[PDB]
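Throughout the sequence shown, residue numbering follows PDB author numbering, covering 45 to 70, 76 to 212, 225 to 363, 372 to 401 in sequence.
Ideal Cβ positions, reconstructed from N, Cα and C, are used throughout, including at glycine.
Just below is one structure, and these are the notes that go with it.
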Amino acid sequence: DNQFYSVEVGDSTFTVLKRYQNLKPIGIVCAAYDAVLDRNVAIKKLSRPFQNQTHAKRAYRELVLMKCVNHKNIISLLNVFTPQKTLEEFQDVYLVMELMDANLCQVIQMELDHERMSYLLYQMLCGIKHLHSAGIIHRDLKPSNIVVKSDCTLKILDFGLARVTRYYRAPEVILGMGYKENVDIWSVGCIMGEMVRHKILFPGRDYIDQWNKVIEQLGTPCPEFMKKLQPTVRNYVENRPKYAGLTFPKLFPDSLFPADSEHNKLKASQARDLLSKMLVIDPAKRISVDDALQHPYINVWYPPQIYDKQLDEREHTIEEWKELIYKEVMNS
Ligand SMILES: COc1cc(NC(=O)c2cccc(-n3ncc4cc(Nc5ccccc5F)ccc43)c2)cc(OC)c1OC
């Protein structure tokens, strides 16, 4: 009541505890100063996350995982609150975490630096490894939901898909082929390659021109792969102009890298090598997390909890989702 005040942020209103002051905008996220803690924080507003059964299962899963998956490269919450006083009146959820400096999208725009790039990839792989260890296969990693401080410490912000822009999604996901752990490796590869090219690797104009930009560059998969494709998806892909692709030196030429020293030549070779092992259409030929972590480009950088599967299985009425979420917000 008198514990809260409201402030316009973009097109919306943030109603937050009075400890959170001087909200500035950075879906809906602001930077604030926490007066009690004497620290800067980031505050995210989930507005009516029970909009439907889909907004709801995600919001609930996300909220539960943020308080049970604990790892330095994974989001951890400082606080969770709602300004509403009762289940009946309940509408908004506010999540509060440490304020970081930038997300990977900005980092990608910086000139290429091997030490920094291999450092960011190391941490990303470590986060993912721990996620896999905690029973989470993500499938939806993207530069916009990965954040960093200026000392280049990194955090993944969300927990991915249940169970138009798909630039970072693995081929087995785009074609509905079912998946394993190394599905997240493709996304890391997309991100690595973007840090080198300073441009999105596979900028499809539609969720089907996306497939085109992948094969144009990497080549048509071997036929063995197209078998795992459903009858209707297999038809499209199989009966389609074959592409040879480019070799990895040509996808990522010398000119994109530091040079003029053998160390810089060594580093460009290692990076392309790693790239060629992650950007592999066929998941059965794609490198694993453990292997990527042992890779020369990466390895120079040196327990989880029992996953509740009902977290994904159980579907609910909108009314019950609301009550599950509310209950989670109230157990600070
Ligand atoms: C002027 O405002 C300041 C902004 C800055 N850093 C920026 O601008 C910046 C850029 C990109 C990303 C982030 N950043 N940090 C945390 C963060 C969290 C989310 N999402 C989210 C939040 C809570 C719970 C779950 C969530 F998924 C989204 C973006 C985020 C900040 C630094 C500052 O100083 C350290 C600022 O001055 C106070």
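- Query: Where does the unbroken alpha helix (DSSP H) through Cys283 begin, and where does it stop?
  - Reply: Unbroken run through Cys283: none, as it is neither H nor E.
- Message: Does the beta-carbon of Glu397, which I'm using as the reference point, lie nearer than 8 Å to any heavy atom of ligand 1?
- Response: No, ligand 1 has no heavy atom inside 8 Å of this Cβ.
- Query: Does at least one heavy atom of ligand 2 sit under 8 Å from the Cβ of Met146?
  - Reply: This structure lacks ligand 2; the ligands present are ligand 1.
- Quickly, what does DSSP pair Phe130 with across the bridge? List them, please. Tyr143.
- Message: Quick check: does the Cβ of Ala91 come within less than 8 Å of any heavy atom belonging to ligand 1?
- Response: At a threshold of 8 Å, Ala91 counts as near ligand 1, since its beta carbon sits closer than that to one of the ligand's heavy atoms.
- Item | Inter-residue spacing [alpha-carbon to alpha-carbon] between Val142 and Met287 | Distance between the alpha carbons of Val142 and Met287 is about 44 Å.
- Task: Tell me whether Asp200 counts as near ligand 1, meaning its Cβ is closer than 8 Å to at least one heavy atom of that ligand.
- Result: No; taking the cut-off as 8 Å, the Cβ of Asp200 has no heavy atom of ligand 1 nearer than that.
- Task: Check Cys201 in the structure and name its three-state DSSP category.
- Result: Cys201 carries a coil assignment under DSSP once its states are collapsed to helix, strand and coil.
- Message: Would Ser193 and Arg230 qualify as a contact pair, given that the criterion is a beta-carbon distance under 9 Å?
- Response: With contacts defined by Cβ atoms closer than 9 Å, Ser193 and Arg230 do not form a contacting pair.
- Task: Classify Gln155 as buried or exposed, calling it buried when 16 or more other Cβ atoms lie within 10 Å of its own Cβ.
- Result: Here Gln155 is exposed: its Cβ has fewer than 16 other Cβ atoms, across all protein chains shown, within 10 Å.
- Task: Using 10 angstroms around the beta-carbon of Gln379, count the other beta-carbons present and answer buried if the total reaches 16, otherwise exposed.
- Result: By the 10 Å Cβ count, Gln379 comes out exposed.
- Query: Between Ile185 and ligand 1, is the CB less than 8 Å from at least one heavy atom?
  - Reply: No; taking the cut-off as 8 Å, the Cβ of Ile185 has no heavy atom of ligand 1 nearer than that.
- Message: Alpha carbons only, please: which of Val298, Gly250 and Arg212 is nearest the one belonging to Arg110?
- Response: Comparing Cα-Cα distances from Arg110 to each of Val298, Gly250 and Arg212, the minimum goes to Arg212.
- Task: Identify the continuous alpha helix (DSSP H) that holds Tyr358 and give its terminal residues.
- Result: No alpha helix (DSSP H) contains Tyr358, which DSSP labels as neither H nor E.
- Message: Between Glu164, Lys106, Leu136 and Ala84, which has its C-alpha nearest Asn360's C-alpha?
- Response: Shortest Cα-Cα distance from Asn360 to any of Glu164, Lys106, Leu136 and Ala84 involves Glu164.
- Query: Contact check, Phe313 vs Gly254 under 8 Å by CB: the rounded distance?
  - Reply: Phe313 to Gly254, Cβ: 7 Å. Contact.
- Item | Euclidean distance between Cα positions of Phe208 and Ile177 | In this structure, the straight-line span from the alpha carbon of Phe208 to that of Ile177 is close to 10 Å.
- Query: How is the beta strand (DSSP E) around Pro69 delimited, first residue to last?
  - Reply: Bounds of the beta strand (DSSP E) holding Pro69 are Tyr64 to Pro69.
- Task: Kindly indicate which three-state DSSP category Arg333 falls into: helix, strand or coil?
- Result: For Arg333, the three-state secondary structure derived from DSSP is helix.
- Task: Using only alpha-carbon positions, find the residue among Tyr395, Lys121 and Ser337 that is nearest to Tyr358.
- Result: Comparing Cα-Cα distances from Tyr358 to each of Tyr395, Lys121 and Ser337, the minimum goes to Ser337.
- Report the rounded CA-to-CA distance for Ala108 versus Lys94, giving the unit in angstroms. Looking at the two C-alpha atoms, the distance is approximately 11 Å.
- Contacting residues, own chain, Cβ-Cβ under 6 Å from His356 (five flanking each side not counted): For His356, same chain residues with a beta-carbon under 6 Å away, outside a window of 5 residues either side, are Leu335 in chain order.
- Message: Closer than 8 Å to a non-hydrogen atom of ligand 1 - does that hold for the CB of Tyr82?
- Response: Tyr82 has its CB nearer than 8 Å to a heavy atom of ligand 1.
- Among all the DSSP beta bridges, which residues are the ones paired with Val244? The partner list for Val244 (beta bridge, DSSP) is empty, contrary to what the question assumes.
- Task: Assign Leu170 to buried or exposed, taking buried as 16 or more other Cβ atoms, counted over all protein chains shown, within 10 Å of its Cβ.
- Result: Taking every protein chain shown into account, the CB of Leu170 has 16 or more other CB atoms within 10 angstroms, so this residue is buried.
- Item | heavy atom of ligand 1 below 8 Å from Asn122 C-beta | No, Cβ of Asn122 sits at least 8 Å from all heavy atoms of ligand 1.
- Query: Alpha carbon to alpha carbon, how far is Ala91 from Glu137?
  - Reply: The straight-line gap from Cα to Cα measures roughly 28 Å.
- Query: Going by the CB atoms, is the gap between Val350 and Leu153 shorter than 9 Å?
  - Reply: Their beta carbons are not under 9 Å apart, which means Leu153 does not touch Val350 by this criterion.
- Message: Just to confirm the assignment: which complete alpha helix (DSSP H) runs, minimum length 4, are found wholly within the segment 251–317?
- Response: You should have 270–279, 284–287, 292–299 and 309–312.
- Query: Hey, how far is the Cα of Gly184 from the Cα of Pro232?
  - Reply: If you draw a straight line from the Cα of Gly184 to the Cα of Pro232, it is about 21 Å long.
- Message: Using the three-state DSSP reduction, which class does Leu95 fall into: helix, strand or coil?
- Response: The answer is strand: DSSP assigns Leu95 an E or B state.
- Would the beta-carbon of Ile348 be found less than 8 Å away from any heavy atom of ligand 1? No - ligand 1 has no heavy atom lying nearer than 8 Å to the Cβ of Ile348.
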